[PDB]
Amino acid sequence: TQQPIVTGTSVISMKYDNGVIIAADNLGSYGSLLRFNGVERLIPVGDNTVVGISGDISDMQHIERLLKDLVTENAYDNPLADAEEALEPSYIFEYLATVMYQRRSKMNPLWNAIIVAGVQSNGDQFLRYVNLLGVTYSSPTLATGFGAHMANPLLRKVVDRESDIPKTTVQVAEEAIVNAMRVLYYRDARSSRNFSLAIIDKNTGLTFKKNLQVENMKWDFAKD
Amino acid sequence: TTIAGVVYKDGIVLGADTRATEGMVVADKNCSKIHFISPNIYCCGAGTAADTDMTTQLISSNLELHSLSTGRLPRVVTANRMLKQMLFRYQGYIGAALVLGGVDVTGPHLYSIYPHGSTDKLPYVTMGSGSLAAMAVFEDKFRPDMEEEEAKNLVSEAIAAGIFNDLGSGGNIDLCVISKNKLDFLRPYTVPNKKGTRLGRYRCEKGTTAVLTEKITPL
Amino acid sequence: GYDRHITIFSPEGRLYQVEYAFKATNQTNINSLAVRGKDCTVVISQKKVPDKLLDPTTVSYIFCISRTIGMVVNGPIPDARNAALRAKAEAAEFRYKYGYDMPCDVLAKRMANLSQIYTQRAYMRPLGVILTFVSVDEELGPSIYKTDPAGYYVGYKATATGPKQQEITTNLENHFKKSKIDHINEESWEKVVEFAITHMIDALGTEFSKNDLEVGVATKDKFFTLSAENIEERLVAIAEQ
Amino acid sequence: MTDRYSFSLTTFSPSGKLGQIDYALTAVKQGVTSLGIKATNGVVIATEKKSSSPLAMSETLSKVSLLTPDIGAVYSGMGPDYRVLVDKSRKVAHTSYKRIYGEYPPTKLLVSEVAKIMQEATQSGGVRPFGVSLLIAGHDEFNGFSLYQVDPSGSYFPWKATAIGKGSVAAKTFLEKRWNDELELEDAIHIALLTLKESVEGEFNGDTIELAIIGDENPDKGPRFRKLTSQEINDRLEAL
Amino acid sequence: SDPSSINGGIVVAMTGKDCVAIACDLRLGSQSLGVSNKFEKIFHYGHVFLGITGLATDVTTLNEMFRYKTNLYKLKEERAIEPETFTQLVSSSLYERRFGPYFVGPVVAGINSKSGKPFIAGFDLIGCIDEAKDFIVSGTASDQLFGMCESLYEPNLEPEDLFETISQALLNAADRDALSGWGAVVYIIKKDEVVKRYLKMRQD
Amino acid sequence: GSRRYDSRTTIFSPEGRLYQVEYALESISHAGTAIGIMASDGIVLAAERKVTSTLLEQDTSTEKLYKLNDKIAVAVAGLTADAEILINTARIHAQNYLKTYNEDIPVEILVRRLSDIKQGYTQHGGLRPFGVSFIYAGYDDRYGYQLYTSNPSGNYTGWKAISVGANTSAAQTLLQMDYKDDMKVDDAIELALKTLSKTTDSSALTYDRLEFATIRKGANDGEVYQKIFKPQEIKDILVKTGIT
Amino acid sequence: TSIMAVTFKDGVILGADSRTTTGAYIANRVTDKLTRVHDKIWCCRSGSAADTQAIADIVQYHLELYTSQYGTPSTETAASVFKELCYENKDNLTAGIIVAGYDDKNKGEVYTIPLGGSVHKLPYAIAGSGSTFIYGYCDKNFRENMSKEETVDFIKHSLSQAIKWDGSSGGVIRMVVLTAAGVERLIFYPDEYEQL
Amino acid sequence: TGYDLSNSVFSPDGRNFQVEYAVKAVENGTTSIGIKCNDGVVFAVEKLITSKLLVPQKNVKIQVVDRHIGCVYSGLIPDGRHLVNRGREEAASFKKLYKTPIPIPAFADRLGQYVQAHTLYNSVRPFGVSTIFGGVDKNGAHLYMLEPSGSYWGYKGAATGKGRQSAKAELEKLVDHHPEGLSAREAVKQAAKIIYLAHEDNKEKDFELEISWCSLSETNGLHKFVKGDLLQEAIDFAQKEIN
Ligand SMILES: *C[C@@](C)(O)[C@](*)(O)[C@H](Cc1ccccc1)NC(=O)[C@H](Cc1ccc(OC)cc1)NC(=O)[C@H](C)NC(=O)CN1CCOCC1
Ligand SMILES: *C[C@@](C)(O)[C@](*)(O)[C@H](Cc1ccccc1)NC(=O)[C@H](Cc1ccc(OC)cc1)NC(=O)[C@H](C)NC(=O)CN1CCOCC1
Ligand SMILES: [Cl-]
Ligand SMILES: [Mg+2]
Ligand SMILES: [Mg+2]
Ligand SMILES: [Mg+2]
Ligand SMILES: [Mg+2]
Ligand SMILES: [Mg+2]
């Protein structure tokens with residue numbers, strides 16, 4: 001048993017026709033103090049997976065090292081480490097899910113909520129959630145903490161069920177994610193303007209976008 | 001308890017009161033609080049009295065063995081480390097609050113050690129219930145590089161401040177002067193309170209108490 | 001005759017495995033020498049790089065144990081490195097526990113006590129090395145202390161180790177018989193190194209280039225080894241007088 | 001690494017001999033001569049500083065060791081084995097005695113503790129016996145002055161005077177003639193220097209001899225153990 | 001609940017001229033219920049006397065423990081333990097249970113057989129030594145004993161003068177404590193004779 | 001591996017004997033003779049020191065007779081160091097029993113304990129046995145005066161009179177000849193010394209070569225007293241009995 | 001406590017106040033909170049005095065042993081050892097440590113390790129109770145690649161304010177300058193900094 | 001005699017014969033080499049084709065440690081794998097504590113101390129491999145070779161196994177004819193040649209060439225296997241030089 005000290009807020013994500021998008025702001029809060037403004041919370045693993053992490057930042061850094069170490073270990077005695085025997089999103093997730101549930105069961109949890117987003121060998125979209133309790137679930141849209149309450153309602157209007165995924169393009173999906181990030185900045189007291197976004201597509205591969213900002217902000221109704 | 005120490009020109013002067021208490025009762029009026037660590041290092045002790053006695057004795061014993069193996073006099077830094085590291089390990093539960101003072105090959109050194117394992121290295125220190133009363137005297141009158149008899153007087157004056165103004169402290173004043181050329185263990189240095197004189201004799205005369213039976217055995 | 005295979009007494013009161021570990025000491029065919037100045041302690045050793053494929057910078061039997069302590073080994077490199085790593089660990093632990101830099105003689109005694117254990121316990125073999133420790137101790141001044149596979153140790157005014165140790169020892173013995181002092185009466189370490197090299201040349205009867213020697217120097221608050229070019233400067237000065 | 005030597009390396013032979021103890025005693029025989037003499041008002045112990053090289057500083061190698069303030073020790077045989085016994089003897093005098101009773105052990109009990117350690121090397125798994133014999137001299141309040149010998153077996157005996165190692169047979173005979181129950185400490189030091197001269201080949205002076213006493217207190221007490229200086233020995237060698 | 005006042009009882013010791021005295025009450029209870037009026041609290045190991053107040057199971061356990069230790073001491077040392085040495089043994093033994101202590105208040109008393117010097121000492125439950133010349137007190141009526149001893153006591157008393165002083169100290173202190181009394185014992189100890197006297201006191 | 005160097009101290013021979021026990025008994029046969037004699041009013045323990053020089057400090061010396069508690073003593077034959085290990089174990093068992101039951105340990109129970117320890121070294125552990133044989137002289141309020149012996153095998157037996165160490169064959173014949181059941185302590189003292197005087201490998205039996213002790217109830221108010229004889233007292237009893 | 005480390009053109013400077021408190025009582029008014037773990041790797045200590053001393057002593061040991069085997073450690077390596085101790089023992093420790101060091105390759109570097117045991121590499125860092133009061137000031141006044149005299153002034157002004165408002169901070173302002181030139185210790189007394 | 005029956009026993013010479021017997025297992029194995037170049041290292045090995053049934057390119061012998069160190073060995077292949085497994089544990093614990101990837105000299109002593117430990121007790125066997133290894137760290141390129149005794153040194157070129165004398169002679173020519181240094185792509189070609197020339201000592205059975213390399217310019221200081229066109233280019237160069 002601990003308590004989280006330096007924390008990260010919402011990680012949001014969705015599926016689209018060819019792949020998945022994931023996003024998270026660059027803030028490390030220290031309670032109400034907006035302490036660290038340059039924290040990356042999307043951590044890529046290979047060229048087919050991005051792990052988005054919210055919650056305790058020291059435990060995030062620990063998980064970051066576990067994944068870095070996992071890549072090293074998979075390369076060992078593996079001539080197909082950059083091909084058929086590369087790490088898959090489903091492998092990376094299952095590992096983390098095992099760790100998270102083991103740690104909760106020893107009463108010493110990793111104080112995080114994690115979304116693993118990626119594309120599999122056969123082109124299938126992978127998107128799954130896991131948290132400090134070992135609870136796992138998948139859905140066309142996934143969001144942690146605050147984003148579950150505000151981002152999901154907006155993102156579900158684009159993809160409400162499984163049959164909407166082939167109808168959704170990467171442009172429509174990216175707009176929705178960036179729109180949701182704006183809404184979270186208006187309304188989450190522990191969020192920031194600056195964020196990172198990652199697209200993992202089955203054709204164009206991993207695109208990682210840094211130093212994005214929330215823009216087109218409506219404040220004019222305040223003056224009245 | 002009021003314990004204190006100063007660094008003076010030639011070395012170290014340590015000081016202590018002599019009151020041991022249980023509850024609000026005084027168990028011992030002339031109790032020794034300045035402990036031997038090595039021939040060139042002594043330690044004043046405040047806090048839980050047993051913890052104070054056993055902690056100094058264990059580190060004194062281990063330094064004796066250390067000093068026999070190396071063949072040279074021990075240092076204050078090693079006494080400081082051994083006490084520090086032990087008190088830290090026990091997370092405050094060993095309630096020893098020490099003033100450690102001695103004279104090395106590297107010169108005179110004075111430390112204060114806290115129950116949780118923190119140490120401050122300083123030219124003057126005070127500890128125990130009477131540390132504020134004693135520190136007031138040092139803030140008033142201390143200066144660096146004092147002569148011996150001046151430093152003795154300042155420490156004595158600081159312990160006295162504790163004796164009179166703090167109810168936890170009392171009895172006599174013990175000093176320990178440590179320099180390169182000598183060690184002067186002054187017990188007592190001062191007797192600031194005379195023992196109260198009794199005006200009557202309340203002792204009973206023989207055969208006053210009522211006995212049931214008696215037995216005598218020789219040795 | 002299993003009293004020759006493990007560390008138990010023979011009928012003569014001898015430990016043959018200890019004696020055979022002493023013979024492993026010379027397997028490298030390298031001679032070392034150590035001397036003391038006023039402010040310094042100097043240790044020199046032969047350097048032999050037989051293979052052209054070897055990186056000569058990595059061929060060394062001198063070790064920086066702590067900042068103040070240096071150690072030269074006579075014996076095979078695996079046992080030398082075993083001893084080096086332990087002495088480094090021991091010197092670090094000492095400073096942490098006791099708050100001052102481990103003295104040279106205290107490390108020597110510690111390594112000697114470990115060596116003794118291998119002579120009494122059967123499952124451990126002795127290391128086939130002689131360890132010469134050097135420093136400028138802050139209490140005892142310039143210091144040389146040596147350890148062997150028996151677990152013996154002693155302080156030295158000067159010393160020598162290797163196949164031709166007796167020749168070097170007598171050369172040094174004769175110099176100190178003249179001067180009637182326990183050290184090299186010299187201000188600079190540069191001249192003490194020059195003395196060390198000069199008296200090894202005389203004793204062994206061989207000339208040296210910059211790549212044939214390996215030098216270590218202890219001063220107050222640091223021990224360091226000389227580079228090839230630092231030795232070359234030393235060899236030039238010897239030749240010029 | 002498994003320490004698989006969980007079995008005794010010292011065993012009884014058909015004749016009833018413990019080979020490794022006898023062989024350890026042979027190692028003690030080869031070692032340099034040391035001796036001890038007990039006076040009425042003190043005890044003396046002495047040995048030769050056999051220097052391995054003239055370049056070696058023999059002052060650094062102490063054959064005579066302080067165990068407690070009132071107890072000293074000297075040996076014949078293997079020096080590294082002696083060194084680790086002195087280390088353990090000093091430690092056991094604190095752990096199993098001083099930290100319990102608040103005073104140093106009496107001579108006989110410290111001797112008994114050292115004997116125990118030596119016995120264990122004679123029976124435990126995977127160890128040879130210690131290759132030394134010790135001579136422990138000491139004083140304590142209730143027993144007075146005393147001198148003990150301790151052998152590789154763990155066996156110990158109290159002595160009025162004795163010698164061990166190289167020339168011990170000749171040295172014991174010399175002491176038998178000179179010893180009486182009315183010796184003063186100075187008379188015992190005089191006899192010790194005479195006895196030790198017989199076994200020494202080369203130089204015989206304060207730099208090649210190591211000699212200590214258990215005597216009066218040198219200023220809670222002062223220590224009764226005192227190691228004589230190089231000068232103090234030489235003074236007595238002129239009245240020899 | 002408080003282990004030091006379940007069973008109740010007291011011990012006091014004093015020095016005199018070439019003599020010491022130690023005394024104790026006889027009560028053992030379960031708080032209000034008086035159970036035994038024959039529970040002595042003073043024991044001896046050779047010529048060294050040990051009084052113990054506090055939780056009665058620990059009083060008994062420590063007595064048995066110090067008998068054990070002093071017996072082995074005598075076998076090995078070939079002499080009886082002295083008060084100064086025994087005091088250190090008590091302190092060591094109590095402190096080795098520092099974080100799970102015996103709930104006791106021990107008191108040493110005796111005459112050093114070699115020097116002839118009278119000796120007393122007291123300890124807290126974790127072994128800190130009160131090393132006073134005048135007097136040592138312990139138990140549920142310790143405050144009461146401190147007051148009695150401080151006003152009655154004076155140095156260098158002859159054995160039978162000292163008897164009256166320690167006895168009156170014990171009796172009057174016990175009568176102001178609910179958990180003490182029910183009888184009392186007084187030992188007068190000299191260099192080679194010991195007089196043990198049982199006192200007549202009020203049985204409430 | 002290590003198997004190569006293992007003596008295998010806890011095995012049977014083809015004949016069904018324990019090698020190391022047999023060889024330890026051979027070791028003990030060379031040790032100085034010790035004799036125990038039980039009378040109706042006490043027990044005598046006598047034992048012969050060995051090698052001895054004029055320079056051995058006798059009055060502070062103890063190689064043969066040791067005290068286990070106030071009621072029980074032992075005479076040793078064999079390795080003195082080995083004996084002292086066992087003696088300190090026995091001294092503890094006696095005090096454990098006293099602490100547990102608040103009564104002094106019965107003699108047989110102590111003896112069985114030590115004898116069980118010795119047995120263990122013959123059956124497991126791979127260590128050499130203890131090269132020691134004890135004569136136990138003791139008293140308790142069940143069986144009164146008792147003599148026992150134990151040896152490296154861990155076997156123990158009870159005796160009216162017994163010897164261990166050197167020349168036991170000769171010593172046991174001489175005891176068997178002159179011992180009687182109604183005998184007293186003063187007579188048993190005389191028998192013990194006479195037996196040693198004949199079986200000794202020395203030229204003559206003198207005070208400086210002997211350790212001697214008695215366990216008498218012969219005390220005021222029927223209580224057991226152990227008397228370890230001083231050098232001067234052994235010299236007196238040698239003159240009294242007419243050996244010197 | 002008020003502590004800070006600031007990178008500049010020639011290297012890095014550490015700064016600290018000197019107050020140590022036991023409730024309202026100032027137990028040590030001349031405290032040295034800048035401690036040396038290697039020749040040119042130092043740290044600032046805030047939190048439990050016992051915890052930060054125990055940690056700093058262990059780090060000093062680890063880096064001494066690193067040096068014996070692998071030569072001079074990087075500032076990053078020192079920070080990692082501090083992190084490892086602080087993170088793995090987070091439940092038993094109260095330590096907020098700033099690590100600052102000078103390499104020749106990397107120049108000046110500052111790593112901060114807050115309560116969680118996370119690591120953050122930054123151009124400058126502030127920490128301790130008194131740091132809350134100077135976030136505004138430090139953010140507005142910090143520039144990269146300042147000179148030595150500018151960085152000494154930036155730290156002196158900043159800690160002067162932290163001391164002024166925080167009762168837990170006070171006494172002298174100590175500083176430690178880390179450059180290629182070596183190690184310089186600076187001190188600034190109340191009479192100097194209070195009038196700023 | 002009997003001094004050679006147990007490991008960790010000194011003979012009267014001062015030798016540990018069991019270690020010297022392990023060397024015989026190393027001398028029995030296939031040829032493996034290492035070449036230090038300008039900004040890195042190259043490793044190559046002879047893989048004997050016992051049968052046509054062996055799948056080409058599948059039974060890989062060279063092993064990676066961390067991401068920047070390459071290891072190759074001659075002798076008992078399982079003993080080599082055991083040592084690399086330990087190497088990986090050592091490199092992992094170093095990086096865990098100190099953050100930076102393990103330096104090559106640091107890594108060399110980790111293997112060295114572990115191999116040396118297996119000459120200290122009779123309850124373990126010495127390693128039956130000589131191991132050639134190295135890579136690129138902060139201080140540049142390093143090549144090492146580690147023997148059954150625990151002995152290791154740094155090398156310009158290194159070779160072990162049945163063809164070691166043939167290889168050593170070729171390595172000595174390169175050192176003399178290129179004092180300014182050898183490039184990484186040159187070293188790959190030369191490595192191929194030296195394995196082909198050293199194959200004359202194992203000439204009965206035909207073989208398969210395997211090469212790997214770390215270079216600051218050519219691989220970003222990471223260990224990679226030489227594959228495809230670059231491998232075929234090295235084989236063609238080697239085949240031309242023997243003819
Ligand atoms: C000012 C004073 C008197 O407190 C000074 O610090 C004394 C120092 C001292 C040092 C060596 C010998 C004698 C005295 N300390 C004491 O007299 C302590 C005060 C104290 C009582 C209780 C606690 O509890 C945390 C701390 C300090 N007195 C004692 O230790 C007495 C002898 N023993 C007890 O009070 C019994 N308690 C039981 C609970 O655990 C602590 C010990
Ligand atoms: C702002 C200030 C002065 O508090 C700063 O953070 C200090 C940093 C410092 C001080 C000295 C050397 C090195 C660094 N910290 C202190 O002065 C701390 C304050 C503190 C205490 C306790 C905790 O958390 C448990 C956090 C901060 N002072 C101390 O540690 C002093 C010496 N000791 C105590 O206050 C005793 N307490 C008793 C209760 O248990 C905890 C320790
Ligand atoms: Cl040691
Ligand atoms: Mg005291
Ligand atoms: Mg061995
Ligand atoms: Mg009442
Ligand atoms: Mg009533
Ligand atoms: Mg302020």
# chains A, B, ... in the order shown; residues from 1 in each chain; ligands from 1
call {"tool": "residues_around", "arguments": {"residues": "residue H:216", "least_positions_apart": "5", "cutoff": "10 Å", "atoms": "only C-alpha atoms", "output": "list in words"}}
result
residues 38, 39, 40, 41, 135, 136, 137, 140, 141, 184, 221 and 222 of chain H
call {"tool": "residues_near_ligand", "arguments": {"ligand": "ligand 7", "cutoff": "9 Å", "atoms": "only C-alpha atoms and all ligand atoms", "output": "ChimeraX atom specification"}}
result
/E:32-34,178-179,181-182,203-204
call {"tool": "residues_near_ligand", "arguments": {"ligand": "ligand 5", "cutoff": "9 Å", "atoms": "only C-alpha atoms and all ligand atoms", "output": "list in words"}}
result
residues 5, 6, 7, 8, 17, 18, 117, 118, 119, 120, 121, 122, 123, 124, 125 and 126 of chain C; 127 of chain D; 8, 9 and 121 of chain H
call {"tool": "residues_near_ligand", "arguments": {"ligand": "ligand 1", "cutoff": "7 Å", "atoms": "only C-alpha atoms and all ligand atoms", "output": "MDAnalysis selection string"}}
result
(chainID B and resid 1:2 19:23 31:33 45:50 52:53 95 128:130 168:169) or (chainID E and resid 124:126 128)
call {"tool": "residues_near_ligand", "arguments": {"ligand": "ligand 3", "cutoff": "7 Å", "atoms": "only C-alpha atoms and all ligand atoms", "output": "VMD selection string"}}
result
chain C and resid 109 to 110 113 to 114
call {"tool": "write_last_selection", "arguments": {"atoms": "N, CA and C atoms", "output": "PDB file, in the first residue's frame"}}
result
ATOM      1  N   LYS C 109      46.083  -6.459   6.096  1.00  0.00           N
ATOM      2  CA  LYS C 109      45.705  -7.423   7.138  1.00  0.00           C
ATOM      3  C   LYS C 109      44.380  -8.124   6.813  1.00  0.00           C
ATOM      4  N   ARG C 110      43.431  -7.367   6.269  1.00  0.00           N
ATOM      5  CA  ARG C 110      42.120  -7.909   5.894  1.00  0.00           C
ATOM      6  C   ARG C 110      42.248  -8.955   4.782  1.00  0.00           C
ATOM      7  N   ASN C 113      43.969 -12.079   6.190  1.00  0.00           N
ATOM      8  CA  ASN C 113      43.012 -12.899   6.958  1.00  0.00           C
ATOM      9  C   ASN C 113      42.092 -13.745   6.062  1.00  0.00           C
ATOM     10  N   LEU C 114      41.699 -13.189   4.915  1.00  0.00           N
ATOM     11  CA  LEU C 114      40.949 -13.935   3.892  1.00  0.00           C
ATOM     12  C   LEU C 114      41.805 -15.035   3.274  1.00  0.00           C
TER      13      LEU C 114
END
call {"tool": "residues_around", "arguments": {"residues": "residue D:125", "least_positions_apart": "4", "cutoff": "7 Å", "atoms": "only C-alpha atoms", "output": "PyMOL selection string"}}
result
(chain D and resi 5-9) or (chain F and resi 127)
call {"tool": "residues_around", "arguments": {"residues": "residue D:95", "least_positions_apart": "5", "cutoff": "12 Å", "atoms": "only C-alpha atoms", "output": "compact mmCIF listing (two decimals) with N, CA, C and O atoms, in the first residue's frame"}}
result
# COMPACT_ATOMS: atom_id res chain seq x y z
N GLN B 57 27.70 1.98 25.08
CA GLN B 57 28.52 0.82 25.45
C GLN B 57 28.82 -0.11 24.28
O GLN B 57 29.95 -0.57 24.14
N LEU B 58 27.82 -0.37 23.44
CA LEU B 58 28.00 -1.23 22.27
C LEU B 58 28.98 -0.62 21.27
O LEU B 58 29.86 -1.32 20.77
N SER B 61 32.50 -0.66 22.76
CA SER B 61 33.03 -2.03 22.66
C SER B 61 33.53 -2.33 21.25
O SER B 61 34.64 -2.84 21.08
N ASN B 62 32.72 -2.00 20.24
CA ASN B 62 33.10 -2.23 18.84
C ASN B 62 34.27 -1.37 18.38
O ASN B 62 35.08 -1.83 17.57
N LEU B 65 37.57 -3.00 19.78
CA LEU B 65 37.99 -4.07 18.88
C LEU B 65 38.55 -3.54 17.56
O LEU B 65 39.54 -4.08 17.04
N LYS D 88 39.54 -13.53 17.29
CA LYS D 88 38.40 -14.20 17.92
C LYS D 88 38.43 -14.11 19.46
O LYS D 88 37.39 -13.92 20.08
N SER D 89 39.62 -14.25 20.04
CA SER D 89 39.80 -14.15 21.50
C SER D 89 39.38 -12.78 22.04
O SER D 89 38.71 -12.68 23.07
N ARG D 90 39.79 -11.72 21.33
CA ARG D 90 39.42 -10.35 21.69
C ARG D 90 37.91 -10.14 21.58
O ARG D 90 37.30 -9.53 22.47
N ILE D 100 27.98 -8.83 28.84
CA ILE D 100 27.09 -9.48 29.81
C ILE D 100 27.39 -8.98 31.23
O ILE D 100 26.51 -8.44 31.89
N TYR D 101 28.63 -9.16 31.68
CA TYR D 101 28.99 -8.92 33.09
C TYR D 101 29.58 -7.53 33.40
O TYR D 101 29.75 -7.18 34.57
N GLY D 102 29.89 -6.75 32.37
CA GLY D 102 30.47 -5.41 32.56
C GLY D 102 31.91 -5.39 33.07
O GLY D 102 32.37 -4.40 33.62
N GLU D 103 32.62 -6.50 32.88
CA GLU D 103 34.03 -6.61 33.26
C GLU D 103 34.71 -7.60 32.32
O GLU D 103 34.03 -8.34 31.61
N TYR D 104 36.04 -7.59 32.28
CA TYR D 104 36.80 -8.50 31.41
C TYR D 104 36.85 -9.90 32.02
O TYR D 104 36.76 -10.04 33.24
N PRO D 105 36.97 -10.94 31.17
CA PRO D 105 37.01 -12.31 31.71
C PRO D 105 38.28 -12.59 32.49
O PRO D 105 39.30 -11.97 32.22
N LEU D 110 38.98 -17.00 29.59
CA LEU D 110 39.37 -16.60 28.24
C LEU D 110 40.18 -17.71 27.57
O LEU D 110 39.95 -18.03 26.41
N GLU D 113 37.83 -20.38 26.44
CA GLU D 113 37.13 -19.97 25.21
C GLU D 113 37.98 -20.16 23.95
O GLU D 113 37.46 -20.51 22.89
N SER E 92 21.86 -6.42 31.40
CA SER E 92 22.03 -7.13 30.11
C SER E 92 20.82 -7.95 29.74
O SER E 92 20.33 -7.90 28.61
call {"tool": "residues_around", "arguments": {"residues": "residue A:15", "least_positions_apart": "6", "cutoff": "8 Å", "atoms": "only C-alpha atoms", "output": "PDB file with N, CA and C atoms, in the first residue's frame"}}
result
ATOM      1  N   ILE A  21      -5.898   5.092 -32.752  1.00  0.00           N
ATOM      2  CA  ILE A  21      -5.310   6.362 -32.323  1.00  0.00           C
ATOM      3  C   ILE A  21      -5.317   6.396 -30.803  1.00  0.00           C
ATOM      4  N   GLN A 125      -6.924  -4.497 -35.437  1.00  0.00           N
ATOM      5  CA  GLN A 125      -6.779  -3.399 -34.485  1.00  0.00           C
ATOM      6  C   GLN A 125      -6.745  -3.983 -33.078  1.00  0.00           C
ATOM      7  N   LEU A 127      -6.844  -2.782 -29.065  1.00  0.00           N
ATOM      8  CA  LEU A 127      -7.080  -1.719 -28.095  1.00  0.00           C
ATOM      9  C   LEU A 127      -7.666  -2.315 -26.816  1.00  0.00           C
ATOM     10  N   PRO A 140     -14.512  -0.220 -28.659  1.00  0.00           N
ATOM     11  CA  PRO A 140     -14.081   0.635 -29.779  1.00  0.00           C
ATOM     12  C   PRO A 140     -13.459   1.983 -29.371  1.00  0.00           C
ATOM     13  N   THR A 141     -13.910   2.539 -28.245  1.00  0.00           N
ATOM     14  CA  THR A 141     -13.278   3.700 -27.607  1.00  0.00           C
ATOM     15  C   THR A 141     -12.921   3.335 -26.169  1.00  0.00           C
ATOM     16  N   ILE A 165     -16.652   0.740 -37.114  1.00  0.00           N
ATOM     17  CA  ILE A 165     -15.190   0.856 -37.245  1.00  0.00           C
ATOM     18  C   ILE A 165     -14.722   0.929 -38.714  1.00  0.00           C
ATOM     19  N   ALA A 173     -11.393  10.073 -37.231  1.00  0.00           N
ATOM     20  CA  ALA A 173     -10.955   9.585 -35.921  1.00  0.00           C
ATOM     21  C   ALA A 173      -9.990  10.547 -35.226  1.00  0.00           C
TER      22      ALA A 173
END
call {"tool": "interface_residues", "arguments": {"of": "chain C", "to": "chain G", "cutoff": "10 Å", "atoms": "only C-alpha atoms", "output": "PyMOL selection string"}}
result
chain C and resi 63-67+84-85+88-97+99
call {"tool": "interface_residues", "arguments": {"of": "chain D", "to": "chain B", "cutoff": "12 Å", "atoms": "only C-alpha atoms", "output": "number ranges by chain"}}
result
D: 59-62, 65-69, 83-84, 86-95, 97-100, 102-104, 220
call {"tool": "residues_around", "arguments": {"residues": "stretch 237-239 of chain C", "least_positions_apart": "4", "cutoff": "12 Å", "atoms": "only C-alpha atoms", "output": "MDAnalysis selection string"}}
result
chainID C and resid 190:199 201 207:209 230:233
call {"tool": "residues_near_ligand", "arguments": {"ligand": "ligand 6", "cutoff": "12 Å", "atoms": "only C-alpha atoms and all ligand atoms", "output": "ChimeraX atom specification"}}
result
/E:8-10,25-28,32,34,140-141,144,170-184,201-204
call {"tool": "interface_residues", "arguments": {"of": "chain E", "to": "chain F", "cutoff": "9 Å", "atoms": "only C-alpha atoms", "output": "ChimeraX atom specification"}}
result
/E:61,64-65,67-69,71-72,75
